[PDB]
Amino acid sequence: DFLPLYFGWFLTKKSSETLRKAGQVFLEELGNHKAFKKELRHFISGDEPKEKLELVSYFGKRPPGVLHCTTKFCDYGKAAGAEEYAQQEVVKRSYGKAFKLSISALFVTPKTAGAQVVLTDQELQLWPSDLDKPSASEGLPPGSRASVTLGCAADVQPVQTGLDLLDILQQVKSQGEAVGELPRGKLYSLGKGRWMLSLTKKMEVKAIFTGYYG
């Protein structure tokens, strides 16, 4: 009768830790970077001092356990489109199956810290096509929203990560030069507190497609 809270790909303990660690390294490096410090007044909007901001602290709300990539939030069936999504053959067939998710970039905004996921064609079959889509997904390839949440600002909800990624991708839908080089790739400053690290080598994380119940 009733559905999960949401469906998605859940990373193994190992892959989760690899990505989490990479995310944390990025926050530390990004926060220490001259280009980021230079734009602090576009990132925070209060009476903060001239001092340095520690981003690991800023993104204080982090996933407590394994990371995941949400496909469809269902709220046990209360969410629009949940039933329709869950009844798809491909969803039922893929339930419990192993997949690999390709991580192409890490990003930061004043609201969230996340990882961009680039879904395979097979995985795109599990991406919902709802009647109620975020406006921002329009004009971009299906599944562009696909992401993993690494942290959130205090009053932010994990759903914002996907939304932030869509806004970043609309922003880059030409592309200017990078403002820095980090060990894992090039750093871009997209304005309005938004930052993207484009990985030289995509990370591959193992995960299982399944349903989460609160």
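Start at 1 and count along the sequence shown; that's the residue number.
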In terms of residues present in the deposited sequence but not modelled, what lies between residue 173 and residue 174: none, 1 to 3, 4 to 9, or 10 or more? 1 to 3
Average Cα temperature factor in the PDB entry - higher stretch of 134-142, 110-118: 134-142
Per the entry, where is the mean C-alpha temperature factor higher: 186-194 or 202-210? 186-194
Candidate set 28, 167, 48, 155 [ranked by C-alpha B-factor, highest]: 48
Taking the Cα B-factors listed in the entry, which of 44, 163, 148, 56 comes out highest? 44
Residue 125 CA temperature factor, ranked by third within the chain: middle
Entry-reported C-alpha B-factor of residue 14 relative to its chain, by third, is highest
Which third of the chain does residue 62 land in by C-alpha B-factor: lowest, middle or highest? middle
When the modelled residues of the chain are sorted by Cα temperature factor, does residue 92 land in the lowest, middle or highest third? middle
What third of the chain, by the recorded C-alpha B-factor, contains residue 84? middle
